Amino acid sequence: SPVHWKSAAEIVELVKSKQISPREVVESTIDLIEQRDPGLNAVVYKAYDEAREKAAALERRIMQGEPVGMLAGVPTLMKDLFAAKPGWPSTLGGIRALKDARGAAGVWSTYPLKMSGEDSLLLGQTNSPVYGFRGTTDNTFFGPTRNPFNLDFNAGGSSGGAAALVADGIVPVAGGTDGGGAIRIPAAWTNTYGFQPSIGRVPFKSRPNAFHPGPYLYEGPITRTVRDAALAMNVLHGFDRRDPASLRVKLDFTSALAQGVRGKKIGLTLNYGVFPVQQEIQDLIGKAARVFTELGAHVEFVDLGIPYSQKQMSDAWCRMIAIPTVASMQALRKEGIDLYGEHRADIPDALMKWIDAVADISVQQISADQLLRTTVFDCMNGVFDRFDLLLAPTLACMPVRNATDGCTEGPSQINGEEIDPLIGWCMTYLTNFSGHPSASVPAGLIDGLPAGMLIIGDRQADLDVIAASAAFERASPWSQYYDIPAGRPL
């Protein structure tokens, strides 16, 4: 294959130097998807002819010396969760009742708009759980997205299809969305790099309600290299007056790749003082943290002092996400797609529990959750009063086995403590409360399966996160572990 395992940086140079046509990039990527995706079950929509059309036009511009974009010829896919691209489907993570829906003219999600704007080629959409409402990827319409490191296990979620394609070498970058960790969760379970930007760094369009009570929502890349993530972030970030959090700031993310971390003060936590975390993960992260000490950074353990239990916090997150989920379900029912009645089977019971719970949620309850959120925000800020960076495990547990009922979920206990199987073990959701940028960096393998370390920066310190990530990547590479999916039976 001319493109299998090639980086985005490599493909851009192959295309711009005219070593390979955009046409061949598309046909070769299609070959890989048809050959390798049957096992992964990561792709839920194929836009092959559209990509072929775009490649023909890109090829003409290249041969004629007309202007081309920063990501010219890079193949990618977007996530099927609140997906908006004209003419494309949007099933909200495998809701069968929505299978015939198609995007209206002029309405775009950020990832497909901006990536295609710089001449990346969109080949289709990737699998997500229903309404993104769990840290695994499975649903009863498309099924589970499986882990390239072991297909008996789940890829993670909700951006599981995105991470699976990237970890299997099929595309160098894929788009994720993140409301409780969905860029970072599947990255951790698949040995890939998931970058969740500062709130307001990448435009997020929430309509009809831009002022909803949900957590911070992000769009961001999943890649195999930090450089590819920096390139994608150069495209994705930027001012958009229609996002009420948007930052009117221009950055060069590639400028941070060679910065290093010498002299940086780094805080370390193994469980944020409140989560049950599998011991093997704690040990791996303790080792990973010491990589920064060899690089000239000063690392020490920190206590965030979070006064809430992890169950209180996951319950609050579920209610926060459920309110806009309910708004969507009510809107759909008004347009003739009734997920409460006729198509109730399309909604997982675990989700409907929260849908029912917030149907007439009181202002007192809304307020209590906002107070919790504020407390977590301030606990995070307390760290960045004194430290440059915070390190933690991305997740409290290793990948789970796929179920056969379309409802793969996480564990309901870790170390004998009860934990919410949908999101409780996804410690990532703290930054959806707080707004800080963070990235999941591959920390190694435990019994042949990947585990991630989360690097968190100060508010708007995206470049610090990139700098630390690239430094770690150099000193503690993870690319060798791709030998496992590269050699898997097809």
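In this text, residue numbers run from 1 along the sequence as written.
Query raised in the report: Should the higher mean CA B-factor in the entry be assigned to 430-438 or to 23-31?
Result: Between 23-31 and 430-438, it is 23-31 that shows the higher mean C-alpha B-factor.
**Report entry** Between 291-299 and 128-136 (mean CA B-factor, as deposited), the higher
**Finding:** Mean CA B-factor is higher for 291-299.
**Report entry** Residue selected from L71, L332, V173, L268 by maximal Cα B factor
**Finding:** Within the set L71, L332, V173, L268, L332 shows the top C-alpha B-factor.
Requested in this report: By the entry's C-alpha temperature factors, tell me which of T190, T394, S362, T225 sits highest.
Outcome: Max CA B-factor in the entry, restricted to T190, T394, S362, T225: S362.
Requested in this report: Compare the C-alpha B factor of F275 with those of the other modelled residues in its chain, then answer lowest, middle or highest third.
Outcome: Within its chain, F275 is a middle-third residue by C-alpha B-factor, going by the deposited values.
Requested in this report: Could you look up the Cα B-factor of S476 in the entry and say which third of the chain it sits in: lowest, middle or highest?
Outcome: As the PDB entry reports it, the C-alpha B-factor of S476 lands in the middle third of its chain.
Query raised in the report: Hey, what third does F387 fall into on Cα B-factor, ranked over its chain?
Result: As the PDB entry reports it, the C-alpha B-factor of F387 lands in the lowest third of its chain.
Requested in this report: Please rank the C-alpha B-factors of the chain's modelled residues and tell me whether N415 sits in the lowest, middle or highest third.
Outcome: Tercile = highest for this residue's CA B-factor.
Query raised in the report: Within this chain, which third does the Cα B-factor at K311 fall in: lowest, middle or highest?
Result: Ranked within chain, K311 CA B lands in the middle tercile.
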